[PDB]
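Q: Just so it is clear, I am handing over data_11.cif, which has mmCIF, C-alpha atoms and all ligand atoms.
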data_start
loop_
_atom_site.group_PDB
_atom_site.id
_atom_site.type_symbol
_atom_site.label_atom_id
_atom_site.label_comp_id
_atom_site.auth_asym_id
_atom_site.auth_seq_id
_atom_site.Cartn_x
_atom_site.Cartn_y
_atom_site.Cartn_z
ATOM 1 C CA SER A 3 119.240 224.173 -124.795
ATOM 2 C CA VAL A 4 122.995 224.664 -124.105
ATOM 3 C CA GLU A 5 122.230 227.776 -121.996
ATOM 4 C CA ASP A 6 119.501 225.716 -120.262
ATOM 5 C CA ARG A 7 121.592 222.582 -119.707
ATOM 6 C CA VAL A 8 124.333 224.858 -118.307
ATOM 7 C CA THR A 9 121.793 226.649 -116.017
ATOM 8 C CA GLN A 10 120.589 223.208 -114.814
ATOM 9 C CA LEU A 11 124.240 222.294 -114.150
ATOM 10 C CA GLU A 12 124.889 225.444 -112.106
ATOM 11 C CA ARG A 13 121.808 224.793 -110.021
ATOM 12 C CA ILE A 14 122.761 221.125 -109.321
ATOM 13 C CA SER A 15 126.390 222.192 -108.689
ATOM 14 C CA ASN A 16 125.031 224.623 -106.061
ATOM 15 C CA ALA A 17 122.992 221.932 -104.339
ATOM 16 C CA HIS A 18 126.028 219.681 -104.436
ATOM 17 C CA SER A 19 128.153 222.318 -102.781
ATOM 18 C CA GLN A 20 125.599 222.788 -99.979
ATOM 19 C CA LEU A 21 125.196 219.069 -99.418
ATOM 20 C CA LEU A 22 128.968 218.464 -99.348
ATOM 21 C CA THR A 23 129.539 221.067 -96.657
ATOM 22 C CA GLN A 24 126.736 219.476 -94.613
ATOM 23 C CA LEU A 25 128.267 216.002 -95.039
ATOM 24 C CA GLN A 26 131.612 217.376 -93.945
ATOM 25 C CA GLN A 27 130.291 218.901 -90.700
ATOM 26 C CA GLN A 28 128.362 215.772 -89.800
ATOM 27 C CA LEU A 29 131.315 213.413 -90.551
ATOM 28 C CA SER A 30 133.613 215.366 -88.294
ATOM 29 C CA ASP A 31 130.958 215.538 -85.580
ATOM 30 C CA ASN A 32 130.661 211.703 -85.893
ATOM 31 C CA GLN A 33 134.389 211.214 -85.464
ATOM 32 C CA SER A 34 134.184 213.127 -82.218
ATOM 33 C CA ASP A 35 131.113 211.141 -81.138
ATOM 34 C CA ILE A 36 133.089 207.997 -81.830
ATOM 35 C CA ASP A 37 136.022 209.313 -79.780
ATOM 36 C CA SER A 38 133.699 209.705 -76.824
ATOM 37 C CA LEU A 39 132.273 206.190 -77.293
ATOM 38 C CA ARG A 40 135.783 204.680 -77.476
ATOM 39 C CA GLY A 41 136.652 206.617 -74.355
ATOM 40 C CA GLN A 42 133.818 204.993 -72.453
ATOM 41 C CA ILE A 43 134.426 201.512 -73.822
ATOM 42 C CA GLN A 44 138.045 201.747 -72.725
ATOM 43 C CA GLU A 45 137.120 202.917 -69.160
ATOM 44 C CA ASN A 46 134.495 200.109 -68.936
ATOM 45 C CA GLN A 47 137.266 197.741 -69.909
ATOM 46 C CA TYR A 48 139.518 199.051 -67.161
ATOM 47 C CA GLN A 49 136.724 198.724 -64.613
ATOM 48 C CA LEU A 50 136.152 195.132 -65.798
ATOM 49 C CA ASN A 51 139.882 194.394 -65.379
ATOM 50 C CA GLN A 52 139.848 195.737 -61.863
ATOM 51 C CA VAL A 53 136.779 193.624 -61.037
ATOM 52 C CA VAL A 54 138.399 190.397 -62.516
ATOM 53 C CA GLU A 55 141.708 190.988 -60.679
ATOM 54 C CA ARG A 56 139.834 191.424 -57.397
ATOM 55 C CA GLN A 57 137.871 188.222 -58.023
ATOM 56 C CA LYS A 58 141.218 186.383 -58.269
ATOM 57 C CA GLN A 59 142.269 187.793 -54.930
ATOM 58 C CA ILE A 60 138.927 186.846 -53.375
ATOM 59 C CA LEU A 61 139.312 183.305 -54.732
ATOM 60 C CA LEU A 62 142.811 183.195 -53.278
ATOM 61 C CA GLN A 63 141.640 184.586 -49.865
ATOM 62 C CA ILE A 64 138.944 181.826 -49.745
ATOM 63 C CA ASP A 65 141.632 179.176 -50.289
ATOM 64 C CA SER A 66 143.716 180.618 -47.404
ATOM 65 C CA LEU A 67 140.598 180.680 -45.280
ATOM 66 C CA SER A 68 139.880 176.987 -46.130
ATOM 67 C CA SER A 69 143.114 176.214 -44.210
ATOM 68 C CA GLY B 2 136.869 220.700 -126.983
ATOM 69 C CA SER B 3 133.491 221.930 -128.234
ATOM 70 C CA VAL B 4 131.220 223.536 -125.633
ATOM 71 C CA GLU B 5 128.636 220.785 -126.307
ATOM 72 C CA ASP B 6 131.285 218.150 -125.600
ATOM 73 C CA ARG B 7 132.313 219.858 -122.383
ATOM 74 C CA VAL B 8 128.692 220.288 -121.173
ATOM 75 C CA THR B 9 128.122 216.572 -122.048
ATOM 76 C CA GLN B 10 131.091 215.559 -119.932
ATOM 77 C CA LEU B 11 130.001 217.915 -117.117
ATOM 78 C CA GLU B 12 126.524 216.332 -117.094
ATOM 79 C CA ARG B 13 128.083 212.886 -116.965
ATOM 80 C CA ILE B 14 130.205 213.773 -113.989
ATOM 81 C CA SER B 15 127.300 215.673 -112.375
ATOM 82 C CA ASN B 16 125.279 212.427 -112.507
ATOM 83 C CA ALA B 17 128.074 210.335 -111.103
ATOM 84 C CA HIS B 18 128.251 212.957 -108.263
ATOM 85 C CA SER B 19 124.519 212.720 -107.548
ATOM 86 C CA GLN B 20 124.748 208.887 -107.254
ATOM 87 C CA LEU B 21 127.828 209.091 -104.998
ATOM 88 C CA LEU B 22 126.177 211.741 -102.785
ATOM 89 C CA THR B 23 123.151 209.395 -102.363
ATOM 90 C CA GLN B 24 125.407 206.498 -101.305
ATOM 91 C CA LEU B 25 127.242 208.774 -98.946
ATOM 92 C CA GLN B 26 123.919 209.933 -97.410
ATOM 93 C CA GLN B 27 122.652 206.333 -97.106
ATOM 94 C CA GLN B 28 125.889 205.138 -95.543
ATOM 95 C CA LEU B 29 126.273 208.219 -93.259
ATOM 96 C CA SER B 30 122.739 207.596 -91.905
ATOM 97 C CA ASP B 31 123.616 203.911 -91.234
ATOM 98 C CA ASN B 32 126.764 205.018 -89.411
ATOM 99 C CA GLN B 33 124.749 207.492 -87.302
ATOM 100 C CA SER B 34 122.251 204.839 -86.323
ATOM 101 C CA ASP B 35 125.186 202.681 -85.250
ATOM 102 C CA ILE B 36 126.651 205.457 -83.152
ATOM 103 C CA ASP B 37 123.299 205.688 -81.306
ATOM 104 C CA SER B 38 122.984 201.936 -81.050
ATOM 105 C CA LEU B 39 126.546 201.610 -79.705
ATOM 106 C CA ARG B 40 125.854 204.310 -77.190
ATOM 107 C CA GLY B 41 122.785 202.385 -75.950
ATOM 108 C CA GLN B 42 124.879 199.242 -75.704
ATOM 109 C CA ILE B 43 127.641 200.987 -73.679
ATOM 110 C CA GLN B 44 125.080 202.450 -71.217
ATOM 111 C CA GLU B 45 123.683 198.964 -70.662
ATOM 112 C CA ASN B 46 127.247 197.617 -70.112
ATOM 113 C CA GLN B 47 128.217 200.399 -67.627
ATOM 114 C CA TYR B 48 124.983 199.638 -65.731
ATOM 115 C CA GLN B 49 125.837 195.922 -65.351
ATOM 116 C CA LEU B 50 129.406 196.811 -64.418
ATOM 117 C CA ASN B 51 128.217 198.995 -61.488
ATOM 118 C CA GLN B 52 126.018 196.236 -60.132
ATOM 119 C CA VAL B 53 128.927 193.802 -60.341
ATOM 120 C CA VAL B 54 131.125 196.341 -58.494
ATOM 121 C CA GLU B 55 128.506 196.689 -55.779
ATOM 122 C CA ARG B 56 127.960 192.906 -55.460
ATOM 123 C CA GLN B 57 131.719 192.342 -55.305
ATOM 124 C CA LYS B 58 131.709 194.897 -52.423
ATOM 125 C CA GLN B 59 128.901 192.979 -50.634
ATOM 126 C CA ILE B 60 131.175 189.879 -51.023
ATOM 127 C CA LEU B 61 134.219 191.738 -49.692
ATOM 128 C CA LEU B 62 132.616 192.356 -46.329
ATOM 129 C CA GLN B 63 131.147 188.848 -46.204
ATOM 130 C CA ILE B 64 134.797 187.768 -46.387
ATOM 131 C CA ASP B 65 136.197 190.444 -44.017
ATOM 132 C CA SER B 66 134.292 189.078 -40.996
ATOM 133 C CA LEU B 67 135.519 185.535 -41.628
ATOM 134 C CA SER B 68 139.112 186.935 -41.575
ATOM 135 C CA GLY C 2 129.372 236.073 -118.724
ATOM 136 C CA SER C 3 129.790 233.817 -121.758
ATOM 137 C CA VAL C 4 128.613 230.216 -121.871
ATOM 138 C CA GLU C 5 132.373 229.499 -122.287
ATOM 139 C CA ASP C 6 133.145 231.141 -118.929
ATOM 140 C CA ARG C 7 130.256 229.469 -117.121
ATOM 141 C CA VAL C 8 131.448 226.047 -118.402
ATOM 142 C CA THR C 9 135.039 226.601 -117.320
ATOM 143 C CA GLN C 10 133.755 227.619 -113.869
ATOM 144 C CA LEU C 11 131.481 224.520 -113.642
ATOM 145 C CA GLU C 12 134.556 222.363 -114.464
ATOM 146 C CA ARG C 13 136.610 223.973 -111.708
ATOM 147 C CA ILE C 14 133.859 223.673 -109.063
ATOM 148 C CA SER C 15 133.230 220.068 -110.381
ATOM 149 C CA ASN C 16 136.923 219.093 -109.812
ATOM 150 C CA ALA C 17 136.692 220.555 -106.320
ATOM 151 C CA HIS C 18 133.608 218.346 -105.713
ATOM 152 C CA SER C 19 135.316 215.186 -106.935
ATOM 153 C CA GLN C 20 138.259 215.695 -104.555
ATOM 154 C CA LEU C 21 136.073 216.567 -101.622
ATOM 155 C CA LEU C 22 133.845 213.543 -102.398
ATOM 156 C CA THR C 23 136.860 211.201 -102.241
ATOM 157 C CA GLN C 24 137.867 212.705 -98.909
ATOM 158 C CA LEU C 25 134.384 212.346 -97.358
ATOM 159 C CA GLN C 26 134.144 208.722 -98.540
ATOM 160 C CA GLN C 27 137.377 208.090 -96.728
ATOM 161 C CA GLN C 28 136.197 209.813 -93.542
ATOM 162 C CA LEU C 29 132.953 207.828 -93.582
ATOM 163 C CA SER C 30 134.884 204.493 -94.030
ATOM 164 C CA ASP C 31 137.092 205.437 -91.093
ATOM 165 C CA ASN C 32 133.866 206.046 -89.047
ATOM 166 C CA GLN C 33 132.468 202.645 -90.130
ATOM 167 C CA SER C 34 135.698 200.822 -89.307
ATOM 168 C CA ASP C 35 135.926 202.464 -85.937
ATOM 169 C CA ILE C 36 132.276 201.486 -85.128
ATOM 170 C CA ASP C 37 132.711 197.836 -86.138
ATOM 171 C CA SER C 38 135.903 197.594 -84.065
ATOM 172 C CA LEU C 39 134.173 199.210 -81.087
ATOM 173 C CA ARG C 40 131.162 196.797 -81.438
ATOM 174 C CA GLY C 41 133.645 193.857 -81.192
ATOM 175 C CA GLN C 42 135.163 195.213 -77.972
ATOM 176 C CA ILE C 43 131.818 195.969 -76.243
ATOM 177 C CA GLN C 44 130.662 192.358 -77.009
ATOM 178 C CA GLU C 45 133.918 191.040 -75.554
ATOM 179 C CA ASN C 46 133.498 193.213 -72.445
ATOM 180 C CA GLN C 47 129.928 191.869 -71.984
ATOM 181 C CA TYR C 48 131.049 188.261 -72.599
ATOM 182 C CA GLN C 49 133.721 188.630 -69.868
ATOM 183 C CA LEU C 50 131.263 190.423 -67.635
ATOM 184 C CA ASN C 51 128.881 187.410 -67.923
ATOM 185 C CA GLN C 52 131.788 185.177 -66.790
ATOM 186 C CA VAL C 53 132.336 187.422 -63.727
ATOM 187 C CA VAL C 54 128.680 187.084 -62.791
ATOM 188 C CA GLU C 55 128.689 183.270 -62.905
ATOM 189 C CA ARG C 56 132.046 183.353 -60.991
ATOM 190 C CA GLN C 57 130.492 185.363 -58.105
ATOM 191 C CA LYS C 58 127.760 182.693 -57.634
ATOM 192 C CA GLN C 59 130.444 180.069 -57.211
ATOM 193 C CA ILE C 60 132.205 182.433 -54.737
ATOM 194 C CA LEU C 61 129.105 182.674 -52.526
ATOM 195 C CA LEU C 62 128.824 178.909 -52.498
ATOM 196 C CA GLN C 63 132.448 178.594 -51.466
ATOM 197 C CA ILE C 64 131.891 181.278 -48.811
ATOM 198 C CA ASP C 65 128.917 179.294 -47.475
ATOM 199 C CA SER C 66 131.034 176.230 -46.623
ATOM 200 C CA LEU C 67 133.463 178.415 -44.628
ATOM 201 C CA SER C 68 130.777 179.103 -41.939
HETATM 202 N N1 LIG D 101 128.496 189.797 -59.764
HETATM 203 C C1 LIG D 101 129.478 189.825 -59.156
HETATM 204 AU AU1 LIG D 101 130.973 189.704 -58.350
HETATM 205 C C2 LIG D 101 132.575 189.484 -57.474
HETATM 206 N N2 LIG D 101 133.582 189.318 -56.923
HETATM 207 NA NA NA D 102 136.844 196.984 -87.739
#
Could you render the structure from this file as structure tokens?
Ligand code: AUC
Ligand code: NA
A:
Amino acid sequence: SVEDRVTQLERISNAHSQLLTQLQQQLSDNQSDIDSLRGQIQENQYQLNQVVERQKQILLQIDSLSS
Amino acid sequence: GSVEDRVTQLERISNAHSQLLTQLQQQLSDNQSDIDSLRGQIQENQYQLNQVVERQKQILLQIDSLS
Amino acid sequence: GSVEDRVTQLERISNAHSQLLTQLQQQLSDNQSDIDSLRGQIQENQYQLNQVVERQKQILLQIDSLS
């Protein structure tokens, strides 16, 4: 059974090897995907900041206009 | 030391590896769904941003006449 | 070759798997952490965006009294 247990081990080892290299490729793809998503969230944030800052100016212009 | 002892160890580790690989796969899949979910969320947020930009523009000319 | 050789090999590949496994676990946790963080920020963005929308309604009202 030793020969057979060992053969079973070499087969499972092989499948492990193949899976691990798949997990590795996907993980590093996901990191990049996340980089893109962070990129967009940050730009969105900047756009939001610009919008908010312009609201303040609008609110201030309205006050000047009120006089 | 004996081959039987070493194969027994190897089997023990092999099993631990199979359970770990399953958890990895389960948790990788969760992280991929989240990537897709986050991406859907960002698209929705960009969309609302643009509309806000365009309404703020409609306000800016409403104000420009009254100046 | 010998069951001895095949077992030594299995042990060497099996150590390689354990190390790689630790590294992929890490990389996956980093991907989870980055997602959770990014979820927080996109909710904050949207919360502030909702405040900008209610603010613009008040701005139209104020604009109405000016004319
Ligand atoms: N929605 C919206 Au606005 C401004 N300023
Ligand atoms: Na986090």
Q: Quick one: residues within 7 Å of ligand NA 102 (chain D), with all atoms listed in the file, as a list in words?
A: residues 34, 35, 36, 37 and 38 of chain C
Q: By least-squares superposition of chain C on chain B, using all C-alpha atoms in order, what RMSD in Å to one decimal is obtained?
A: 1.4 Å
Q: Using only C-alpha atoms and all ligand atoms, can you tell me which of B:52, B:10, B:44, B:3 comes closest to ligand LIG 101 (chain D)?
A: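 Closest candidate: B:52.
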Q: Taking all atoms listed in the file into account, list the residues no farther than 7 Å from ligand LIG 101 (chain D), as a ChimeraX atom specification.
A: /A:53,56-57,60 /B:52-54,56-57,60 /C:53-54,56-57
Q: I need the residue nearest chain A from this list: C:30, C:8, C:13, C:48. Use only C-alpha atoms for the distance.
A: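 Of C:30, C:8, C:13, C:48, the one nearest chain A, counting only C-alpha atoms, is C:8.
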Q: Output the contact residues of chain A with respect to chain B at a cut-off of 10 Å, based on only C-alpha atoms, as a ChimeraX atom specification.
A: /A:4-5,7-8,10-11,14-15,17-18,21-22,25,28-29,32-33,35-36,38-40,42-43,45-47,49-50,52-53,56-57,60,63-64,66-67
Q: What gap, in Å, lies between atom CA of residue C:7 and atom CA of residue C:24?
A: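 Atom CA of residue C:24 lies at a distance of 25.9 Å from atom CA of residue C:7.
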Q: Where's the centre, and what are the edge lengths in Å to one decimal, of a box along x, y and z enclosing all listed atoms of stretch 42-54 of chain B padded 5 Å per side, as AutoDock Vina command-line options?
A:
--center_x 127.4 --center_y 198.1 --center_z -67.1 --size_x 17.4 --size_y 18.6 --size_z 27.2
Q: What is the atom CA of residue C:59 to atom CA of residue C:45 distance in Å?
A: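 Between atom CA of residue C:59 and atom CA of residue C:45 the gap is 21.7 Å.
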Q: Nearest to chain C: which of B:28, B:55, B:62, B:23 is it, counting only C-alpha atoms?
A: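 Smallest separation from chain C among the options: B:28.
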Q: Please indicate the distance in Å from atom CA of residue B:58 to atom CA of residue C:66, rounded to one decimal place.
A: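 Rounded to one decimal, the two atoms are 19.6 Å apart.
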